[PDB]
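Structure first, then comments.
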Amino acid sequence: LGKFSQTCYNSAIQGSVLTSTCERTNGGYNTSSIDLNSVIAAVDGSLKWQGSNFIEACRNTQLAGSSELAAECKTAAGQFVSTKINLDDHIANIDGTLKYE
């Protein structure tokens, strides 16, 4: 599951949107995007999968390494900490589109 990076290139992240050109399964190349906001939540400054409403409490999000997502999230006390999470942990590539698995 996930490992979209294996068949995805030119990936970019800005806020809560992952966008990357991937190789289609039927056609040629397809560059779609998937809001990480529908699969990521912010709790005490910790990004976890199967969640939502993280961007509202997080900012300065970007692509790290290749398939990782670095960003700052406000803790329960109100302090922005450095949160990270592997996109390949679920984000997959279907027919050249970025999906969640």
Single condition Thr83 does not satisfy, out of (1) assigned to a strand (DSSP E or B); (2) touching a residue at least 60 places away in the same chain (Cβ under 8 Å); (3) of a type in the set (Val, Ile, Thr) = (2)
Residue set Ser5, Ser20; condition part of a strand (DSSP E or B), surrounded by 15 or more Cβ atoms within 10 Å (Cβ to Cβ) and touching a residue at least 12 places away in the same chain (Cβ under 8 Å); output residue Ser20
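Results for (1) hydrophobic (A, V, I, L, M, F, W, C); (2) loosely packed, with under 12 Cβ neighbours inside 10 Å; (3) free of Cβ contacts under 8 Å to residues at least 40 places away in the same chain; (4) assigned to a loop (DSSP other than H, G, I, E, B), shown as yes or no for each residue.
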| site | (1), (2), (3), (4) |
| --- | --- |
| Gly27 | no, yes, no, yes |
| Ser32 | no, no, no, no |
| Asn37 | no, no, yes, no |
| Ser52 | no, no, yes, yes |
| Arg59 | no, no, no, no |
| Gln62 | no, no, no, no |
| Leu69 | yes, no, no, no |
| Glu72 | no, no, yes, no |
| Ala77 | yes, yes, yes, yes |
Would you mind stating whether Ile55 is among the β-branched types (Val, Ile, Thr) and closer than 19 Å to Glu101 by Cβ?
-> no
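Positions of Cβ are generated from backbone atoms using ideal geometry, with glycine treated the same way; all protein chains shown enter the neighbour counts. Quick note: the coordinates plus some simple rules give every number you see, no bench work behind them.
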